[PDB]
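For reference, the structure discussed in these notes is given below.
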2 protein chains.
Amino acid sequence: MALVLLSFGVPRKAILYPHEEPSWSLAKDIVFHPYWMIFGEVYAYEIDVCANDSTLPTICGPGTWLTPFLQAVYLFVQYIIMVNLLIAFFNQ
Amino acid sequence: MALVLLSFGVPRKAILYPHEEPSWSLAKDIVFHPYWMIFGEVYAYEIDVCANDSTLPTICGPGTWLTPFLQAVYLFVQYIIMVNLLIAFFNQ
Ligand SMILES: CCCCCCCC/C=C/CCCCCCCC(=O)O[C@@H](COC(=O)CCCCCCCCCCCCCCC)COP(=O)([O-])OCC[N+](C)(C)C
Ligand SMILES: CCCCCCCC/C=C/CCCCCCCC(=O)O[C@@H](COC(=O)CCCCCCCCCCCCCCC)COP(=O)([O-])OCC[N+](C)(C)C
Ligand SMILES: CCCCCCCC/C=C/CCCCCCCC(=O)O[C@@H](COC(=O)CCCCCCCCCCCCCCC)COP(=O)([O-])OCC[N+](C)(C)C
Ligand SMILES: CCCCCCCC/C=C/CCCCCCCC(=O)O[C@@H](COC(=O)CCCCCCCCCCCCCCC)COP(=O)([O-])OCC[N+](C)(C)C
Ligand SMILES: CCCCCCCC/C=C\CCCCCCCC(=O)O[C@@H](COC(=O)CCCCCCCCCCCCCCC)COP(=O)([O-])OCC[N+](C)(C)C
Ligand SMILES: CCCCCCCC/C=C\CCCCCCCC(=O)O[C@@H](COC(=O)CCCCCCCCCCCCCCC)COP(=O)([O-])OCC[N+](C)(C)C
Ligand SMILES: C[C@@H]1CC[C@@]2(OC1)O[C@H]1C[C@H]3[C@@H]4CC=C5C[C@@H](OCCC(CO)CO)CC[C@]5(C)[C@H]4CC[C@]3(C)[C@H]1[C@@H]2C
Ligand SMILES: C[C@@H]1CC[C@@]2(OC1)O[C@H]1C[C@H]3[C@@H]4CC=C5C[C@@H](OCCC(CO)CO)CC[C@]5(C)[C@H]4CC[C@]3(C)[C@H]1[C@@H]2C
Ligand SMILES: [Ca+2]
């Protein structure tokens, strides 16, 4: 689950924030939102950052259209496969 | 699941956006919100677009009152039946 998380969190932060010097925030921002997705928070108005109803209209730029596709795959794997695999373990 | 999705996404976009020329957005807007519903995002302030607490007060018009009924059926089928059918598969 933590691997699937970084599989998603690192490409997202890299696509959306491409002018980042090294910082401790980079360690927070690759775990924070991907973790709250596990609990069904999809951050609906932040997925497409070039949409008109975006809450993040300023990080629109090249490649950012990739992040919906990424998150669609992430949640299917994380929210459906991996959480219910853990539940299946707990059921046993 | 993708069929149930378009069963809902196409009537919604057609009822709510009736003056649309052909566009690539039509391909996004028939998949985008119906997919995030699968993960429990109901877009609560967008369902009834003629309600006072609406975030979409401008797409109010004829037929738009049909879209709550549509989405009520969609999520029951998608969120409850189809996701837990997939989970039941995964459990086996
Ligand atoms: C045993 C269970 C798991 C394994 C254990 C190991 C887990 C690994 C743990 C990793 C921790 C992540 C690194 C933290 C360090 C960076 C924070 C920091 O310094 O800066 C940030 C602050 O940070 C905070 O205020 C705290 C944020 C912590 C979030 C942890 C919970 C999220 C889920 C995590 C769980 C995932 C587990 C995955 C499981 C599926 C902000 O940056 P800044 O530079 O301070 O900015 C200052 C300016 N400002 C005030 C405007 C902000
Ligand atoms: C099912 C429902 C879908 C319909 C199906 C048919 C596919 C339809 C697809 C057709 C592809 C053509 C559409 C893109 C043309 C450019 C338009 C555009 O603005 O793009 C935008 C992004 O997107 C891109 O730049 C490219 C997106 C490609 C995604 C399609 C992958 C294949 C989908 C499955 C293939 C189907 C068959 C296989 C299925 C098993 C440009 O950018 P932006 O995001 O606006 O923001 C960035 C910054 N900006 C604003 C400054 C620019
Ligand atoms: C293998 C598993 C699935 C089967 C495979 C096939 C999957 C089918 C995939 C279909 C892809 C849909 C077509 C997208 C391309 C058209 C959009 C476009 O060109 O422009 C849009 C950009 O688009 C984006 O920024 C990305 C949007 C992609 C959303 C994908 C995630 C949702 C779930 C998908 C998965 C659900 C699948 C169902 C599963 C239950 C914006 O519109 P525009 O006109 O560019 O507007 C420009 C102006 N603006 C800047 C203000 C915006
Ligand atoms: C169970 C709890 C419910 C009570 C039960 C009894 C049913 C009560 C129902 C009674 C029906 C009469 C009410 C509507 C009258 C018009 C009023 C109106 O403004 O309508 C609005 C919507 O709605 C419609 O336009 C029609 C809605 C019909 C829905 C009923 C389906 C059957 C439900 C089950 C039947 C029950 C028994 C079977 C059960 C197995 C029109 O306007 P708007 O949506 O605001 O926006 C549009 C644009 N505008 C603002 C510019 C106008
Ligand atoms: C045309 C669709 C073709 C048909 C669709 C199907 C083909 C799919 C292929 C491609 C989809 C189409 C890509 C075109 C993007 C157009 C927008 C663009 O230029 O965005 C940006 C560049 O974007 C790039 O340079 C993207 C480069 C490709 C990335 C690699 C994709 C690999 C997919 C892996 C495949 C695995 C698939 C899944 C496996 C199961 C720049 O423009 P902007 O966004 O406006 O940014 C602001 C620009 N500014 C700096 C001037 C301010
Ligand atoms: C009164 C009802 C009594 C009982 C109803 C209950 C019985 C059901 C029957 C009917 C529901 C009642 C509809 C009333 C609509 C009133 C509002 C209206 O006119 O809206 C609009 C038109 O709306 C239409 O023209 C709708 C036409 C019916 C669509 C087909 C329904 C099929 C239901 C399938 C059944 C399957 C059931 C489920 C199967 C298990 C116009 O008004 P507006 O919204 O203000 O728009 C702005 C107008 N403007 C352009 C001037 C600015
Ligand atoms: C197998 C796994 C692959 C992924 C991973 O684990 C192992 O690999 C680790 C490497 C880590 C980075 C190493 C160095 C730094 C530099 C630091 O810069 C100083 C700050 C500055 C403040 O301004 C001083 O003044 C910022 C943090 C950063 C980028 C780490 C982030 C987390 C990373 C990416 C970790 C990640 C979870
Ligand atoms: C069995 C399944 C039934 C549903 C479905 O799959 C098969 O049937 C497909 C047919 C597709 C449309 C075909 C043609 C176009 C024209 C294009 O217009 C150019 C843009 C313009 C920009 O301004 C050029 O300049 C916009 C897209 C659109 C409407 C398609 C949308 C997706 C649709 C509805 C697909 C949908 C998922
Ligand atoms: Ca939820």
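Every chain is numbered from 1, with letters handed out A, B, ... down the list of sequences. Just follow the structure's listing: the first ligand is 1, and inside any ligand the first atom is 1. Side chains are part of it too, since the values below use all heavy atoms of this structure and drop only hydrogens, waters and symmetry mates.
- Ligand 7 is surrounded by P22(A), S23(A), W24(A), each with at least one heavy atom closer than 4.0 Å.
- Among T55(A), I15(A), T67(A), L16(A), the one residue that satisfies the side chain to side chain contact (heavy atoms under 4.5 Å, CB included) test with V49(A) is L16(A).
- Using cut-offs of 30° and 60° on the angle between ring planes, the pair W65(A) and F69(A) is perpendicular.
- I38(B) is not listed as a side-chain neighbour of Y79(A), based on a closest heavy-atom distance of 4.5 Å or more.
- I30(A) places none of its side-chain heavy atoms less than 4.5 Å from the side chain of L26(A).
- Checked against salt bridge (charged side-chain N to carboxylate O under 4.0 Å, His left out), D29(A) has the following partners two or more places apart in sequence or in another chain: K13(A).
- For ligand 3, the 4.0 Å heavy-atom shell takes in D48(A), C50(A), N52(A), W65(A), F69(A), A2(B), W24(B), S25(B), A27(B), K28(B), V31(B), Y35(B), ordered by chain and residue number.
- Put simply, CD on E41(B) and OH on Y45(A) are 7.0 Å apart, with the number rounded to the nearest 0.5 Å.
- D53(A) has its side chain out of reach of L56(B): every pair of non-hydrogen atoms, C-beta onward, lies at least 4.5 Å apart.
- Applying the side chain to side chain contact (heavy atoms under 4.5 Å, CB included) test between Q78(A) and each of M37(A), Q71(A), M1(A) identifies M1(A) as the sole match.
- Under the rule for a side chain to side chain contact (heavy atoms under 4.5 Å, CB included), the partners of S7(A) that lie at least two apart in sequence or sit in another chain are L3(A).
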